[PDB]
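Just the one chain here, the form deposited in one PDB entry, laid out as structure tokens.
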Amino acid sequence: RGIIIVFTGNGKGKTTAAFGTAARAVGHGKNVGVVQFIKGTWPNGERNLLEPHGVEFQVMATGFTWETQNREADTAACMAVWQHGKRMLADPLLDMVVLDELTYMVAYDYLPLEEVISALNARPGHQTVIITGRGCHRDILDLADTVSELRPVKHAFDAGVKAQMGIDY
């Protein structure tokens, strides 16, 4: 029996948590797939470590604008990642799927809510989905079985600490 897990809120740790569950699952001989809806500038350590173990990663094409005019381009691209996402949510050998930073995809109308939804509902009874990102659709939140709020009690960057490899990316 898989569940839906959502990691949301402003504190640091959502993507990190999705990964640790993924790691945890990989450490149990489990099969996992990852879709990232956002293109980091930097190299991807989680990827670097897990891809070799058998973890598939589909990332968002580079140059996503976040811009109104460009919403068409910007969308195709989203819709293009969402495919792999569709695929993984239909793969029966996949014990777990990570949908990194979907939230904004739904939130800005880039990825239709219904898509995600249906895709979620129709997934393998035994498959676990972990969704992350700030501001997750109320529908999602409701469909979700587990949900955690990373309350921003404190953050290093506020104290003048630069983002650094290993911690931040």
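Basically, rigid core = biggest C-alpha set you can superpose within 1.5 Å across the two forms. All residue numbers are counted from 1 along the displayed sequence.
Not pictured, yet referred to below: the form deposited in another entry.
- The only C-alpha among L141, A122, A61, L49 that moves by 2 Å or more between this form and the one not shown, given a superposition on the rigid core, is that of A61.
- Relative to the shown form, the CA atoms of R138 and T68 are pushed 3 Å or more farther apart in the other entry.
- The pair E67 and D139 is looser in the other entry: their Cα-Cα distance rises by no less than 3 Å compared with this form.
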